[PDB]
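Undergrad: would you be able to build a 3D model of this:
(chains A and B)
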Amino acid sequence: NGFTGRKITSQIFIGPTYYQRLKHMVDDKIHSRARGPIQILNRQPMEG
DNA sequence: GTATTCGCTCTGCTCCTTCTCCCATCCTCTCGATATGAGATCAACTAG
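TA: Numbers count the residues shown, from 1 in each chain, chains lettered A, B, ... in the order given. Pasting the structure now:
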């Protein structure tokens, strides 16, 4: 255990595995709104 | 004078045809397409 240095009772399965970083980053997805722009036809919040 | 039909109508019954409707939610991104003045009328001035 990294926090206490005690051995973990279960022996953990560990080794090299090929991982991929995918295009989907949270910083390109996070979004918030509070009284922003509105659509012309119906005066409702925009899309996107 | 009643059989007996019998023509004609009145639904009504299946069926085929038409037609109209519907087909999860939410989110991100990219990419392509999408005239000008003259004359007349009228109304406000803008003064005489």
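Undergrad: what residues does chain A have near DNA strand B?
TA: Contact residues, chain A versus DNA strand B (CB under 7 Å from any atom of the strand): A:28, A:29, A:31, A:47, A:48. Any C-beta I mention is one placed from the backbone N, CA and C, and that applies to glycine too.
Undergrad: name the element the third one belongs to?
TA: This points to residue A:31. Per DSSP states H and E: residue A:31 is located in neither a helix nor a strand.
Undergrad: tally of neighbours for the closest residue to DNA strand B within chain A?
TA: At 4.2 Å from DNA strand B, residue A:48 is the closest residue in chain A, using CB to the nearest atom of the strand. Residues within reach of residue A:48, counting by other CB atoms under 10 Å, total 3.
Undergrad: can you give me the end-to-end span of stretch A:21-28?
TA: 14 Å (CA to CA, to the nearest Å).
Undergrad: spit out the contact partners of residue A:23.
TA: By CB atoms under 8 Å, 6 or more residues apart in numbering, residue A:23 lies in contact with nothing.
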